[PDB]
Every structure is written in structure tokens, then in C-alpha cells.
């Protein structure tokens, strides 16, 4: 279920900065725009659209997230493991930031998206990129703290590793 950056046709990063040791945090995001992607070709386009917005419109080094999750249930590599992100203030150098593609302000993502996120986390721990005792957070805990978080936040609040901050 894991697609590399070259698999979705990513532009190279402008610059890459690494952080050391396994990430102590996992942070769950949604894209808002682009909207939910239904097939692998559509989700590859969603990843390029986010990268283009972050690199070309905002002048950032790369798509801000570590990984994306499509409606196809696939995992898309963004900056990847142990790369400083641009997704969560105070956590960019100590987390894996996972974006579920789509507008998940209120609605619950489909199961294959939730399953892909759990599989990515398990993979990251198994390969030594995520701390085994990682802390799981929602974006409304670290970044947009007045966002209510919706059914997605309620869902991740029930997962093992979910942490109050």
C-alpha cells in the first residue's frame, strides 16, 4: 500500500533537513482542499496539487506533510520519515504528519483511509522511524486549536497512543 514520491510524480524538494532518532509523535491532518480522491490516478494528482500549492504558491521546500492517505486506501510518501515537516508548529522536527486527503472537518473518512493510516504507523514503528511508545495527536491539538476536529478527531481520540496535551 506504500507509494514513493517518484510514484506520484513529485517535484524534487527545494531543500531537505533531517531530524534524528525515531519520531516521538504522530499527528493526523486533513487537506480540506484538495477534496477526497477516489482512485490511484486521482490521489496521485491530489498529492501533486498539494505539493504545487506548498512549493510554488507558498515557496516552501516541499509538500508540508510526511505522508498522504488517499481514498484508494494507499499511502503516498510526502517528505517521508525523519524529515522536518511543515505541518505542526513545535512538532515539525519530532513527528510524522499524516494528511488524510479530503475535507474531514466534520465527516468520518472511509475505513480504508483509517486502516492505511494505522498500517503506515505500524510500518514506521517496525522500521525504526516511529518511537514504539509514540504519542498520537490530532491537528486541532497542535496547530488550529479552535477547530472542533469533527468525527475524525473523535475517531483518533479512541485509538491506542492517543495523548492529551
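Residue numbers count along the first chain shown, from 1.
Item to check | Mean C-alpha B-factor comparison - 63-71 and 134-142, higher one | outcome: For C-alpha atoms only, the mean B-factor is higher in 134-142.
Item to check | Per the entry, higher mean C-alpha B factor between 102-110 and 119-127 | outcome: Here the higher of the two C-alpha B-factor means belongs to 102-110.
Item to check | Relative C-alpha B-factor of residue 97, binned into the chain's lowest, middle or highest third | outcome: It falls in the bottom third of the chain.
Next on the checklist: Quick check for you: using the entry's CA B-factors within this chain, is residue 33 in the lowest, middle or highest third?
Outcome noted: Ranked within chain, residue 33 CA B lands in the highest tercile.
Checklist entry - Where does residue 50 sit by CA temperature factor within its chain: lowest, middle or highest third? => result For residue 50, the deposited C-alpha B-factor lands in the middle third.
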